[PDB]
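Residue numbers (the working numbering): 463 to 563.
Following this line, the structure appears as structure tokens:
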């Protein structure tokens, strides 16, 4: 069901290199279902969704990718429609993370 089972250790508080924020989620259904719709659409698109968290009761969720190729296809993935709602993306804080300033 939902047993992350993570070890007691801080690791950049991140699970993947490519991460961002998304919005436009069908508020008439569940945000968890909207995630699977994006994980299934990316599974048939040949993407690689590594993480997908929900945002607010059900207005927007975040998602992490597994490469620059999953992030570049994620950009062209604006043609989505989770539960009939083209999920939108966004650049949250922490844009960098591969090197540092």
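Ideal placement from N, C-alpha and C gives every residue a C-beta, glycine not left out.
Exposure of residue i, with buried meaning 16 or more beta-carbon neighbours within 10 Å
i           : result
residue 532 : buried
residue 497 : buried
residue 494 : exposed
residue 471 : exposed
residue 523 : buried
residue 537 : exposed
Residue i in three-state terms, based on DSSP
i           : result
residue 551 : strand
residue 477 : coil
Contact check, residue i vs residue j, beta carbons under 7 Å
i           : j           : result
residue 499 : residue 527 : no
residue 551 : residue 482 : yes
residue 512 : residue 478 : yes
residue 547 : residue 490 : no
Where the beta strand (DSSP E) through residue i begins and ends
i           : result
residue 480 : 480–485
residue 514 : 513–517
C-beta neighbour in chain B for residue i, strict 7 Å
i           : result
residue 463 : Absent from the structure is chain B; it holds one protein chain and no more.
First through last residue of the alpha helix (DSSP H) which encompasses residue i
i           : result
residue 493 : 493–507
residue 526 : Element bounds for residue 526: not the alpha helix (DSSP H) but the beta strand (DSSP E), 522–527.
residue 535 : 530–538
Minimum C-alpha distance to residue i - residue among the options
i           : options            : result
residue 516 : 549, 563, 506, 535 : 549
residue 542 : 558, 557, 505, 519 : 505
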